[PDB]
$ cat data-v8.txt   # compact mmCIF, C-alpha atoms and all ligand atoms
# COMPACT_ATOMS: atom_id res chain seq x y z
CA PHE W 61 0.00 0.00 0.00
CA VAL W 62 3.18 2.05 -0.57
CA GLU W 63 1.81 3.33 -3.85
CA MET W 64 -1.13 4.71 -1.79
CA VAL W 65 0.67 6.38 1.20
CA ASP W 66 0.64 10.24 1.29
CA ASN W 67 -2.08 10.75 -1.32
CA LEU W 68 -3.90 13.42 0.66
CA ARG W 69 -3.32 17.16 0.99
CA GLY W 70 -5.33 19.98 2.71
CA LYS W 71 -5.93 20.56 6.53
CA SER W 72 -8.77 20.36 9.23
CA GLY W 73 -10.22 23.83 8.42
CA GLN W 74 -10.51 23.60 4.62
CA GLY W 75 -10.72 19.81 3.97
CA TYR W 76 -8.53 16.93 2.96
CA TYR W 77 -8.59 16.35 -0.75
CA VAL W 78 -7.26 13.51 -2.92
CA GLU W 79 -6.64 13.50 -6.70
CA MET W 80 -9.01 11.74 -9.14
CA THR W 81 -9.47 11.90 -12.95
CA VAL W 82 -12.89 11.81 -14.60
CA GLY W 83 -13.79 11.34 -18.22
CA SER W 84 -12.43 10.35 -21.56
CA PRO W 85 -9.85 11.70 -22.05
CA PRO W 86 -9.28 11.92 -18.27
CA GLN W 87 -9.70 15.27 -16.54
CA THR W 88 -7.92 15.91 -13.21
CA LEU W 89 -9.59 17.13 -9.98
CA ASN W 90 -8.88 17.32 -6.21
CA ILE W 91 -12.00 15.78 -4.46
CA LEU W 92 -12.85 16.61 -0.81
CA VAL W 93 -12.76 13.50 1.32
CA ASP W 94 -16.07 13.38 3.26
CA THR W 95 -17.09 10.35 5.20
CA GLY W 96 -20.26 12.15 6.38
CA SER W 97 -22.16 12.39 3.10
CA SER W 98 -22.53 9.93 0.12
CA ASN W 99 -22.82 11.86 -3.14
CA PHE W 100 -19.92 11.93 -5.38
CA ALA W 101 -20.15 15.35 -6.93
CA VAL W 102 -17.87 17.65 -8.94
CA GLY W 103 -18.20 21.27 -10.05
CA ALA W 104 -19.27 21.61 -13.68
CA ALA W 105 -19.84 25.35 -14.43
CA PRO W 106 -17.35 28.40 -13.81
CA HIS W 107 -16.94 29.49 -10.23
CA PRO W 108 -14.97 32.18 -8.65
CA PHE W 109 -13.31 29.72 -6.17
CA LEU W 110 -12.84 27.09 -8.84
CA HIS W 111 -9.67 27.01 -10.91
CA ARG W 112 -10.94 23.99 -12.80
CA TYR W 113 -14.17 22.03 -13.11
CA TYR W 114 -15.70 19.00 -14.69
CA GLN W 115 -16.50 19.36 -18.44
CA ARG W 116 -18.97 16.79 -19.82
CA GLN W 117 -19.23 18.40 -23.26
CA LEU W 118 -15.54 17.03 -23.30
CA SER W 119 -15.61 13.38 -22.34
CA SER W 120 -16.70 10.77 -24.62
CA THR W 121 -17.81 8.25 -21.94
CA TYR W 122 -19.97 10.58 -19.99
CA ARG W 123 -23.64 9.41 -19.75
CA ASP W 124 -26.50 11.82 -18.89
CA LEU W 125 -29.32 10.35 -16.78
CA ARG W 126 -31.77 13.29 -17.26
CA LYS W 127 -32.14 13.79 -13.57
CA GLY W 128 -31.67 16.67 -11.18
CA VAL W 129 -30.29 16.60 -7.64
CA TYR W 130 -30.19 19.04 -4.71
CA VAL W 131 -27.78 18.39 -1.82
CA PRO W 132 -28.14 20.46 1.33
CA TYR W 133 -25.24 20.29 3.88
CA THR W 134 -25.69 21.63 7.42
CA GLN W 135 -24.44 24.98 5.96
CA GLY W 136 -23.94 25.19 2.17
CA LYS W 137 -25.73 23.36 -0.62
CA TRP W 138 -25.39 22.66 -4.27
CA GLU W 139 -27.59 21.82 -7.31
CA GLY W 140 -26.72 19.37 -10.05
CA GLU W 141 -27.20 17.14 -12.98
CA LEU W 142 -26.87 13.47 -12.48
CA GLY W 143 -24.87 11.44 -15.10
CA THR W 144 -22.16 8.72 -15.09
CA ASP W 145 -18.50 8.55 -16.30
CA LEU W 146 -15.20 6.64 -16.13
CA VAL W 147 -13.37 7.29 -12.70
CA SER W 148 -9.79 6.62 -11.38
CA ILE W 149 -7.52 7.52 -8.53
CA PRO W 150 -4.01 8.02 -9.79
CA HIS W 151 -2.48 7.45 -6.20
CA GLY W 152 -4.98 4.75 -5.13
CA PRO W 153 -6.07 1.21 -6.32
CA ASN W 154 -4.91 0.50 -9.84
CA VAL W 155 -8.50 0.40 -11.34
CA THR W 156 -11.09 2.22 -13.54
CA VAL W 157 -14.73 2.31 -12.18
CA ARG W 158 -17.99 3.69 -13.81
CA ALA W 159 -19.64 5.88 -11.30
CA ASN W 160 -22.56 8.24 -10.73
CA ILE W 161 -21.36 11.78 -10.80
CA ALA W 162 -23.44 14.78 -9.89
CA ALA W 163 -22.45 17.75 -12.14
CA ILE W 164 -22.81 20.76 -9.84
CA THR W 165 -24.64 23.55 -11.83
CA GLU W 166 -25.45 25.90 -8.96
CA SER W 167 -23.76 26.47 -5.60
CA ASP W 168 -24.33 28.31 -2.35
CA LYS W 169 -21.63 28.57 0.42
CA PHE W 170 -20.45 25.05 -0.56
CA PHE W 171 -17.00 25.51 -2.17
CA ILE W 172 -14.09 26.76 -0.17
CA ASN W 173 -11.80 29.68 -1.41
CA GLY W 174 -8.15 28.55 -1.53
CA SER W 175 -9.21 25.05 -0.42
CA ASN W 176 -7.79 23.66 -3.72
CA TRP W 177 -10.60 20.98 -4.14
CA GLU W 178 -13.43 21.05 -6.85
CA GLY W 179 -15.65 18.05 -5.96
CA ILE W 180 -16.56 15.98 -2.90
CA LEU W 181 -16.60 12.27 -2.38
CA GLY W 182 -19.36 11.19 -0.05
CA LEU W 183 -17.91 8.08 1.51
CA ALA W 184 -20.90 7.08 3.43
CA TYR W 185 -23.70 4.73 2.66
CA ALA W 186 -26.50 4.62 0.14
CA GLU W 187 -29.34 5.29 2.66
CA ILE W 188 -28.41 8.98 2.77
CA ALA W 189 -27.42 9.39 -0.90
CA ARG W 190 -29.48 12.16 -2.57
CA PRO W 191 -32.11 11.96 -4.28
CA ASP W 192 -32.53 8.59 -2.80
CA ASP W 193 -30.90 5.42 -1.85
CA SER W 194 -31.10 4.11 -5.44
CA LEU W 195 -27.98 6.20 -6.31
CA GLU W 196 -25.04 3.85 -5.81
CA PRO W 197 -22.39 5.96 -3.88
CA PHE W 198 -18.87 5.96 -5.19
CA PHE W 199 -17.28 3.27 -2.92
CA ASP W 200 -20.12 0.91 -3.46
CA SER W 201 -19.64 1.08 -7.23
CA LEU W 202 -15.90 0.74 -6.57
CA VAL W 203 -16.30 -2.59 -4.78
CA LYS W 204 -19.01 -4.20 -6.98
CA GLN W 205 -17.01 -3.45 -10.09
CA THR W 206 -13.57 -4.72 -9.02
CA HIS W 207 -11.42 -6.53 -6.63
CA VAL W 208 -10.74 -3.97 -3.87
CA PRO W 209 -11.75 -5.23 -0.43
CA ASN W 210 -14.76 -3.60 1.32
CA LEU W 211 -12.59 -1.40 3.47
CA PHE W 212 -10.81 1.98 3.25
CA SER W 213 -9.00 4.00 6.01
CA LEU W 214 -7.99 7.58 6.72
CA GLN W 215 -4.85 9.09 8.34
CA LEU W 216 -5.47 12.90 8.31
CA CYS W 217 -2.49 14.98 9.34
CA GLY W 218 -2.56 18.45 10.86
CA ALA W 219 0.53 20.57 11.01
CA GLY W 220 0.23 22.01 14.56
CA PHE W 221 0.59 25.49 12.86
CA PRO W 222 -1.28 27.57 10.14
CA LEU W 223 -0.19 26.72 6.63
CA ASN W 224 -0.31 29.09 3.53
CA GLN W 225 -1.70 28.22 0.11
CA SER W 226 1.86 27.58 -1.18
CA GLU W 227 2.65 25.24 1.78
CA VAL W 228 -0.58 23.20 1.75
CA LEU W 229 -0.15 22.41 -2.01
CA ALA W 230 3.36 21.55 -1.02
CA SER W 231 2.72 19.63 2.21
CA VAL W 232 2.14 15.93 2.33
CA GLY W 233 -1.18 16.05 4.06
CA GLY W 234 -2.36 12.56 4.86
CA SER W 235 -3.27 9.10 3.42
CA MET W 236 -6.35 7.29 2.09
CA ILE W 237 -5.66 3.58 1.76
CA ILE W 238 -8.51 2.21 -0.35
CA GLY W 239 -9.06 -1.46 0.41
CA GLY W 240 -6.40 -2.06 3.09
CA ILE W 241 -4.89 -1.14 6.47
CA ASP W 242 -1.23 0.02 6.34
CA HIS W 243 1.17 -0.58 9.35
CA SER W 244 3.39 2.55 8.96
CA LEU W 245 0.56 4.96 9.72
CA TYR W 246 -0.02 4.24 13.30
CA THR W 247 1.46 3.01 16.55
CA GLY W 248 -0.22 0.71 19.08
CA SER W 249 -3.12 -1.68 18.37
CA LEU W 250 -6.30 -1.03 16.54
CA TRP W 251 -9.33 -1.12 18.77
CA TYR W 252 -12.68 -1.50 16.88
CA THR W 253 -16.07 -0.03 17.67
CA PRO W 254 -19.22 -1.45 15.99
CA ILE W 255 -21.07 0.70 13.28
CA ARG W 256 -24.66 0.81 14.84
CA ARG W 257 -26.21 1.05 11.30
CA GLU W 258 -25.17 1.68 7.66
CA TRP W 259 -26.26 5.19 6.88
CA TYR W 260 -23.79 7.50 8.41
CA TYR W 261 -20.77 5.98 10.23
CA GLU W 262 -22.64 6.04 13.55
CA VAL W 263 -20.82 4.82 16.51
CA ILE W 264 -21.86 4.53 20.12
CA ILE W 265 -20.07 6.88 22.70
CA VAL W 266 -20.22 5.35 26.22
CA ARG W 267 -18.47 7.87 28.57
CA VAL W 268 -16.74 11.26 28.40
CA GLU W 269 -13.81 12.55 30.49
CA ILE W 270 -12.05 15.94 30.81
CA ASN W 271 -8.61 15.53 32.37
CA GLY W 272 -9.86 12.17 33.68
CA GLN W 273 -12.97 13.79 35.10
CA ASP W 274 -16.21 12.00 34.16
CA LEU W 275 -18.61 14.44 32.62
CA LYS W 276 -21.12 12.13 34.39
CA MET W 277 -24.11 12.29 32.12
CA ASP W 278 -26.79 10.04 30.95
CA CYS W 279 -25.12 7.78 28.27
CA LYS W 280 -27.65 8.53 25.42
CA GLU W 281 -27.21 12.34 25.91
CA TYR W 282 -23.73 11.88 24.41
CA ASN W 283 -25.06 10.16 21.32
CA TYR W 284 -28.25 12.34 21.25
CA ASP W 285 -29.74 12.05 17.84
CA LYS W 286 -26.45 10.38 16.57
CA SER W 287 -22.74 10.01 16.84
CA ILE W 288 -20.77 9.89 13.73
CA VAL W 289 -17.27 9.97 12.45
CA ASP W 290 -17.13 12.73 9.80
CA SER W 291 -13.88 13.63 7.91
CA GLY W 292 -16.02 16.16 6.11
CA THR W 293 -16.46 17.96 9.39
CA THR W 294 -14.05 20.59 10.62
CA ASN W 295 -14.76 20.42 14.42
CA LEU W 296 -15.71 18.16 17.26
CA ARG W 297 -19.35 18.90 17.31
CA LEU W 298 -21.24 18.07 20.54
CA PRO W 299 -25.00 18.01 21.49
CA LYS W 300 -25.99 21.18 23.36
CA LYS W 301 -26.33 19.62 26.80
CA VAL W 302 -22.99 17.90 26.33
CA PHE W 303 -21.27 20.96 24.81
CA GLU W 304 -22.29 23.14 27.76
CA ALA W 305 -21.06 20.63 30.32
CA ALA W 306 -17.83 20.12 28.35
CA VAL W 307 -17.10 23.79 27.93
CA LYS W 308 -17.73 24.31 31.70
CA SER W 309 -14.86 21.81 32.28
CA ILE W 310 -12.29 23.09 29.89
CA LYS W 311 -13.15 26.48 31.27
CA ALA W 312 -12.81 25.22 34.83
CA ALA W 313 -9.49 23.53 34.11
CA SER W 314 -7.92 26.14 31.88
CA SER W 315 -8.80 28.55 34.64
CA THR W 316 -5.24 29.85 35.12
CA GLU W 317 -5.84 32.07 32.02
CA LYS W 318 -8.98 34.11 30.99
CA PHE W 319 -10.47 33.82 27.54
CA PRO W 320 -13.04 35.91 25.70
CA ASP W 321 -16.65 34.24 25.65
CA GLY W 322 -16.42 34.29 21.86
CA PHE W 323 -13.29 32.09 21.73
CA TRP W 324 -15.52 29.48 23.37
CA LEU W 325 -18.44 29.94 20.87
CA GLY W 326 -15.73 29.14 18.22
CA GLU W 327 -15.67 32.41 16.40
CA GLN W 328 -12.75 34.45 17.80
CA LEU W 329 -9.03 33.51 17.74
CA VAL W 330 -6.60 33.72 20.70
CA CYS W 331 -2.79 34.19 20.49
CA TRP W 332 0.33 33.73 22.37
CA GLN W 333 3.89 34.76 21.74
CA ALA W 334 5.80 32.46 19.29
CA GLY W 335 6.20 29.06 20.99
CA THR W 336 4.84 30.01 24.40
CA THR W 337 1.41 28.34 23.96
CA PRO W 338 0.51 26.72 27.35
CA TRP W 339 -0.85 23.30 26.10
CA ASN W 340 -0.14 22.33 29.71
CA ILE W 341 -3.15 24.27 31.24
CA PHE W 342 -5.66 22.59 28.86
CA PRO W 343 -7.35 19.26 29.55
CA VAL W 344 -7.17 16.22 27.23
CA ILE W 345 -10.52 14.64 26.31
CA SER W 346 -11.59 11.07 26.33
CA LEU W 347 -14.29 9.64 24.20
CA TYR W 348 -15.31 6.22 25.41
CA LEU W 349 -16.53 4.01 22.60
CA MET W 350 -18.45 0.75 22.85
CA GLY W 351 -16.29 -2.25 22.13
CA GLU W 352 -16.76 -5.23 19.95
CA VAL W 353 -17.18 -7.53 23.12
CA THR W 354 -20.54 -7.41 24.96
CA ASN W 355 -20.07 -5.00 27.92
CA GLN W 356 -16.41 -4.35 27.06
CA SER W 357 -15.28 -0.82 25.82
CA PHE W 358 -12.27 1.40 24.92
CA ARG W 359 -11.19 4.97 24.73
CA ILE W 360 -9.55 7.64 22.43
CA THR W 361 -7.78 10.60 24.20
CA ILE W 362 -7.16 13.80 22.26
CA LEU W 363 -4.99 16.69 23.27
CA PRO W 364 -5.47 20.52 23.04
CA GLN W 365 -3.25 19.99 20.09
CA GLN W 366 -6.14 18.46 18.18
CA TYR W 367 -8.91 20.69 19.55
CA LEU W 368 -7.13 24.10 19.47
CA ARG W 369 -7.02 24.67 15.65
CA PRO W 370 -3.99 26.56 14.24
CA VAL W 371 -5.14 29.82 12.31
CA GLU W 372 -3.00 32.66 10.87
CA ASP W 373 -2.16 35.65 13.09
CA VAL W 374 -4.61 38.68 13.18
CA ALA W 375 -1.82 40.37 11.05
CA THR W 376 0.46 37.40 10.02
CA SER W 377 3.19 38.07 12.73
CA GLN W 378 5.15 35.61 14.73
CA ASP W 379 2.41 35.00 17.40
CA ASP W 380 0.90 31.46 17.57
CA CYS W 381 -2.93 31.63 17.39
CA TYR W 382 -5.87 29.18 17.49
CA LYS W 383 -9.54 28.62 17.35
CA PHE W 384 -11.46 26.48 19.81
CA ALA W 385 -12.50 23.60 17.49
CA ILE W 386 -15.29 22.13 19.65
CA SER W 387 -18.75 23.60 18.93
CA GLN W 388 -22.51 23.01 19.39
CA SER W 389 -24.76 20.57 17.42
CA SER W 390 -28.49 19.78 17.44
CA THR W 391 -27.95 16.60 15.46
CA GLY W 392 -25.79 14.42 17.66
CA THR W 393 -22.08 14.30 18.02
CA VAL W 394 -19.81 14.69 15.06
CA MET W 395 -16.35 13.27 15.55
CA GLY W 396 -14.76 15.59 13.07
CA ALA W 397 -11.48 16.18 11.35
CA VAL W 398 -9.61 17.65 14.45
CA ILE W 399 -10.37 14.52 16.46
CA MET W 400 -9.69 12.36 13.43
CA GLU W 401 -6.41 14.16 13.11
CA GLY W 402 -5.35 12.34 16.28
CA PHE W 403 -5.98 8.70 14.93
CA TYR W 404 -5.47 6.28 12.08
CA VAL W 405 -9.09 5.52 11.11
CA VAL W 406 -10.23 2.25 9.55
CA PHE W 407 -13.75 2.06 7.86
CA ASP W 408 -14.22 -1.61 7.77
CA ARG W 409 -17.38 -1.73 5.79
CA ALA W 410 -16.94 -5.55 5.45
CA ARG W 411 -17.16 -6.12 9.24
CA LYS W 412 -19.50 -3.31 10.00
CA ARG W 413 -16.80 -1.71 12.32
CA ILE W 414 -14.63 1.36 12.77
CA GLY W 415 -10.92 1.14 13.56
CA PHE W 416 -8.89 3.51 15.81
CA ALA W 417 -5.09 3.62 16.48
CA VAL W 418 -2.79 6.40 17.67
CA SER W 419 -1.77 8.16 14.49
CA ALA W 420 1.94 8.03 13.43
CA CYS W 421 0.84 11.50 12.40
CA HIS W 422 -0.56 13.37 15.37
CA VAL W 423 0.73 16.52 17.10
CA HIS W 424 1.97 15.98 20.66
CA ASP W 425 4.41 17.60 22.95
CA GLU W 426 6.95 15.86 25.01
CA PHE W 427 4.68 15.56 28.06
CA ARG W 428 1.42 13.98 26.84
CA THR W 429 0.33 12.02 23.87
CA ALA W 430 -2.81 10.86 21.98
CA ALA W 431 -3.88 7.38 23.13
CA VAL W 432 -6.02 4.40 22.23
CA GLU W 433 -6.51 2.28 25.26
CA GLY W 434 -8.80 -0.32 26.73
CA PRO W 435 -10.36 -2.62 27.67
CA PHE W 436 -12.73 -1.09 30.29
CA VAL W 437 -15.50 -2.80 32.21
CA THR W 438 -18.21 -0.10 32.56
CA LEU W 439 -21.85 -1.21 32.85
CA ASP W 440 -25.06 0.22 31.35
CA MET W 441 -23.78 0.11 27.71
CA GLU W 442 -26.39 -1.84 25.87
CA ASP W 443 -28.94 1.12 25.77
CA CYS W 444 -26.77 4.19 25.02
CA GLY W 445 -28.41 4.08 21.62
CA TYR W 446 -31.01 6.57 20.57
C1 LIG H 501 -17.74 24.91 8.98
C2 LIG H 501 -16.34 24.38 8.80
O1 LIG H 501 -15.45 24.95 9.39
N1 LIG H 501 -15.98 23.34 8.07
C3 LIG H 501 -16.76 22.48 7.24
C4 LIG H 501 -15.86 21.45 6.53
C5 LIG H 501 -15.13 22.16 5.42
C6 LIG H 501 -13.76 22.51 5.94
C7 LIG H 501 -14.73 21.07 4.48
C8 LIG H 501 -17.54 23.35 6.22
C9 LIG H 501 -18.97 22.84 6.48
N2 LIG H 501 -18.97 21.97 7.68
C10 LIG H 501 -20.06 21.18 8.14
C11 LIG H 501 -21.09 22.08 8.82
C12 LIG H 501 -20.62 22.41 10.22
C13 LIG H 501 -21.34 23.69 10.62
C14 LIG H 501 -22.42 23.60 11.54
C15 LIG H 501 -23.14 24.76 11.96
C16 LIG H 501 -22.69 26.00 11.42
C17 LIG H 501 -21.57 26.07 10.49
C18 LIG H 501 -20.90 24.91 10.08
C19 LIG H 501 -20.59 20.27 7.01
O2 LIG H 501 -21.73 20.40 6.57
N3 LIG H 501 -19.82 19.27 6.54
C20 LIG H 501 -20.28 18.40 5.48
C21 LIG H 501 -19.16 18.40 4.43
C22 LIG H 501 -19.05 19.73 3.69
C23 LIG H 501 -17.85 20.24 3.30
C24 LIG H 501 -17.82 21.45 2.58
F1 LIG H 501 -16.63 21.98 2.22
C25 LIG H 501 -18.94 22.15 2.21
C26 LIG H 501 -20.12 21.62 2.62
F2 LIG H 501 -21.25 22.25 2.35
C27 LIG H 501 -20.17 20.44 3.34
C28 LIG H 501 -20.56 16.98 5.97
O3 LIG H 501 -20.68 16.10 4.84
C29 LIG H 501 -21.73 16.95 7.03
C30 LIG H 501 -23.19 17.01 6.52
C31 LIG H 501 -24.26 16.53 7.45
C32 LIG H 501 -25.67 16.66 7.03
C33 LIG H 501 -26.71 16.22 7.75
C34 LIG H 501 -26.52 15.58 9.06
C35 LIG H 501 -25.24 15.46 9.41
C36 LIG H 501 -24.05 15.96 8.60
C37 LIG H 501 -22.65 15.80 9.16
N4 LIG H 501 -21.52 15.89 8.13
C38 LIG H 501 -17.76 21.78 8.13
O4 LIG H 501 -17.45 21.09 9.06
$ encode --input "data-v8.txt" --output "structure tokens"
Amino acid sequence: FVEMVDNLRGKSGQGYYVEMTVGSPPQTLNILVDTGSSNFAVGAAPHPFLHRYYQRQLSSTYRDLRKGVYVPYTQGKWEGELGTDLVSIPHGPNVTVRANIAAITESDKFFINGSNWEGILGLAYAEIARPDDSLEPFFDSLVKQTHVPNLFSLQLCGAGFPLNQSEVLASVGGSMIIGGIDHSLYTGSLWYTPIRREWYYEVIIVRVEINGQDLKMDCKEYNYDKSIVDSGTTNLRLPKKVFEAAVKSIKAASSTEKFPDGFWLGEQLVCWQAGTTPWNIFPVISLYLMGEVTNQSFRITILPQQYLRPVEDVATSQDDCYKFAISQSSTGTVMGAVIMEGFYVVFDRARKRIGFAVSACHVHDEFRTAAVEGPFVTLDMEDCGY
């Protein structure tokens, strides 16, 4: 899986894209990696933030299916024209697949300026595919048409510092291994949590700690509505009654310093002199996830280094600045790209399970470290579901 290593680029706050070609002859695009939708869609008409876009008029294997499609995201939404065409991944499995492709004709707050991607690959399951589950998502088509196993995995890799458009193009930014696990991406063992159900990648969260302290809530409040792993999500999104309790902790604990109220709502940045950021006053966070054995479970611990998100200075100087990358949700938890940045993540479609290991890629400091640890024998698991 050497040929596959390092095939991502991008960062938490603008997305992790990978290169695909579509069409005959093949046309190149960077596609956003999004495990938290299921449409494969590419931009098709001119767009200020688009430096290239899919051109059907130009590909002899294109197939139009005379059907519209509207995809609303939580914020942002596009409109499109369903069709099919030949697809490949240059730095991925050595195959050509025919796949449903929405041609985006109209866009609102979807695309991201300087993000350097032009489509999105919904890596989730058919049930949530728009217009309807009859639209075979890209990975499904990938597996039915060839010999790639029914698993893919994501190592997403944040810098620990803000990166400019030059540098992100230039950075190696992560790996998508389509159809395999690769040993050089993580340390430790993989611990698996079951996928509850094949729509999103919905997991069950069992317990939450802040610097070892149990947030002490009703189980199901944590997974209220749903709990998903979403690489197409910038932050750790938490249900309001969980958010508020969580933020009360990190506030309690990081008490030695005083932060604007707006840093906590996620909007305003905070800065410290070059290299003097006090990671030490901030708590780590533990997500407890149900295990594959009945009434057994494990844990993922993430540092301020994953949840304080590096952003450029308020005038580009040598200060080190950040946004608080945990925010409110009224749709369940969303284990987003800053959390995912801490682990090697295996989407074992075949075994209905999701893999976690300490990423050979995460940002630590010499005193603490991201962890995947278990087993734990906490009770009351079997009805944390919603
Ligand atoms: C705001 C931010 O900083 N970053 C992004 C990520 C950018 C960096 C790539 C931008 C949008 N956004 C959230 C909304 C969060 C938010 C929340 C409140 C306010 C503002 C932002 C989001 O909708 N993500 C979708 C992917 C995506 C990428 C993209 F570029 C454009 C786009 F429209 C969509 C998922 O597929 C999603 C859909 C979904 C749909 C239904 C149920 C669950 C889920 C759960 N998963 C991020 O997290």
$ residues_near_ligand --input "data-v8.txt" --ligand "ligand LIG 501 (chain H)" --cutoff "6 Å" --atoms "only C-alpha atoms and all ligand atoms" --output "number ranges by chain"
W: 73-75, 94, 96-97, 133-137, 170-172, 290, 292-294
$ closest_residue --input "data-v8.txt" --among "W:224, W:388, W:356, W:253" --to "residue W:303" --atoms "all atoms listed in the file"
W:388
$ atom_distance --input "data-v8.txt" --atom1 "atom CA of residue W:421" --atom2 "atom CA of residue W:217"
5.7 Å
$ residues_around --input "data-v8.txt" --residues "residue W:109" --least-positions-apart "6" --cutoff "9 Å" --atoms "only C-alpha atoms" --output "list in words"
residues 171, 172, 173, 174, 175, 176 and 178 of chain W
$ closest_residue --input "data-v8.txt" --among "W:386, W:68, W:325, W:288" --to "residue W:230" --atoms "all atoms listed in the file"
W:68
$ residues_around --input "data-v8.txt" --residues "stretch 62-67 of chain W" --least-positions-apart "3" --cutoff "8 Å" --atoms "only C-alpha atoms" --output "PyMOL selection string"
chain W and resi 78-79+151-153+232-238
$ residues_around --input "data-v8.txt" --residues "residue W:165" --least-positions-apart "6" --cutoff "12 Å" --atoms "all atoms listed in the file" --output "list in words"
residues 101, 102, 103, 104, 105, 106, 107, 113, 114, 115, 116, 128, 129, 130, 131, 137, 138, 139, 140, 141 and 142 of chain W
$ atom_distance --input "data-v8.txt" --atom1 "atom CA of residue W:279" --atom2 "atom CA of residue W:184"
25.2 Å
$ closest_residue --input "data-v8.txt" --among "W:295, W:95, W:81, W:357" --to "residue W:434" --atoms "all atoms listed in the file"
W:357
$ closest_residue --input "data-v8.txt" --among "W:177, W:168, W:418, W:348" --to "residue W:111" --atoms "only C-alpha atoms"
W:177
$ residues_around --input "data-v8.txt" --residues "residue W:157" --least-positions-apart "2" --cutoff "6 Å" --atoms "only C-alpha atoms" --output "PyMOL selection string"
chain W and resi 146-147+202
$ write_last_selection --input "data-v8.txt" --atoms "C-alpha atoms" --output "PDB file, keeping the file's coordinate frame"
ATOM      1  CA  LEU W 146     -15.200   6.640 -16.130  1.00  0.00           C
ATOM      2  CA  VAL W 147     -13.370   7.290 -12.700  1.00  0.00           C
ATOM      3  CA  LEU W 202     -15.900   0.740  -6.570  1.00  0.00           C
TER       4      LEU W 202
END
$ axis_aligned_box --input "data-v8.txt" --around "stretch 144-155 of chain W" --padding-each-side "8 Å" --output "lines of an AutoDock Vina configuration file"
center_x = -12.3
center_y = 4.6
center_z = -10.7
size_x = 35.7
size_y = 24.3
size_z = 27.2
$ closest_residue --input "data-v8.txt" --among "W:274, W:166, W:187, W:442" --to "residue W:351" --atoms "all atoms listed in the file"
W:442
$ residues_near_point --input "data-v8.txt" --point "(-6.5, 34.7, 30.7)" --cutoff "12 Å" --atoms "only C-alpha atoms" --output "ChimeraX atom specification"
/W:311,314-321,323,330-332,338,341
$ residues_around --input "data-v8.txt" --residues "residue W:245" --least-positions-apart "6" --cutoff "8 Å" --atoms "all atoms listed in the file" --output "NGL selection string"
:W and (215 or 404 or 419-421)
$ write_last_selection --input "data-v8.txt" --atoms "C-alpha atoms" --output "JSON list (two decimals), in the coordinates of the input"
[["chain", "number", "residue", "atom", "x", "y", "z"],
["W", 215, "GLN", "CA", -4.85, 9.09, 8.34],
["W", 404, "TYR", "CA", -5.47, 6.28, 12.08],
["W", 419, "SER", "CA", -1.77, 8.16, 14.49],
["W", 420, "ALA", "CA", 1.94, 8.03, 13.43],
["W", 421, "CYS", "CA", 0.84, 11.50, 12.40]]
$ atom_distance --input "data-v8.txt" --atom1 "atom CA of residue W:69" --atom2 "atom CA of residue W:227"
10.1 Å
$ closest_residue --input "data-v8.txt" --among "W:362, W:374, W:82, W:417" --to "residue W:399" --atoms "only C-alpha atoms"
W:362
